[PDB]
Amino acid sequence: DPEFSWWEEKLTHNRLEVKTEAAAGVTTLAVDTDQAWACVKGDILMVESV
Amino acid sequence: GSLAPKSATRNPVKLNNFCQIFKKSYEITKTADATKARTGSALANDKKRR
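As you go down the protein sequences, you meet chains U and X in turn.
With the first letter of the first sequence counted as 1, position 10 gets the number 10 in the working numbering; the numbers rise by one all the way through.
With the first letter of the second sequence counted as 1, position 45 gets the number 45 in the working numbering; the numbers rise by one all the way through.
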């Protein structure tokens, strides 16, 4: 055909940003829109540093 | 005891007709010929229709 197409896919980290400050002892965190869908039960998340 | 009568005669009737030229044409671009499409090749379908 005079018009042709292709598909590309990237592999990326599972990175979340906490919008609302949470103190120690809080079991619920607020993240950016639709970011929590990637995570499921059993994932291990760790706070990152500069 | 008389003479022979005068003669008479007639002629046929002529009829005639003409011949007529007929033409039907088909056309396709070379790009569309190389392009693969569903419903088969366009050139063959056009030939059938015409």
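Heads up, the beta-carbon is just placed ideally off N, CA and C, and yes, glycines get one too.
Nearest residue (CA-CA) to residue i, options the options
i, options, result
"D1/U", "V13/X, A32/X and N17/X", "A32/X"
"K48/X", "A34/X, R38/X and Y26/X", "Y26/X"
Per DSSP, cross-strand counterpart(s) of residue i
i, result
"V18/U", "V31/U"
Residue j beta carbon less than 8 Å from that of residue i
i, j, result
"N14/U", "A38/U", "yes"
"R50/X", "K24/X", "yes"
"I21/X", "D46/X", "no"
For the structure I just gave you, are there three or more beta carbon pairs, one from the stretch 8 to 21 of chain U and one from the stretch 30 to 39 of chain U, closer than 8 Å? yes
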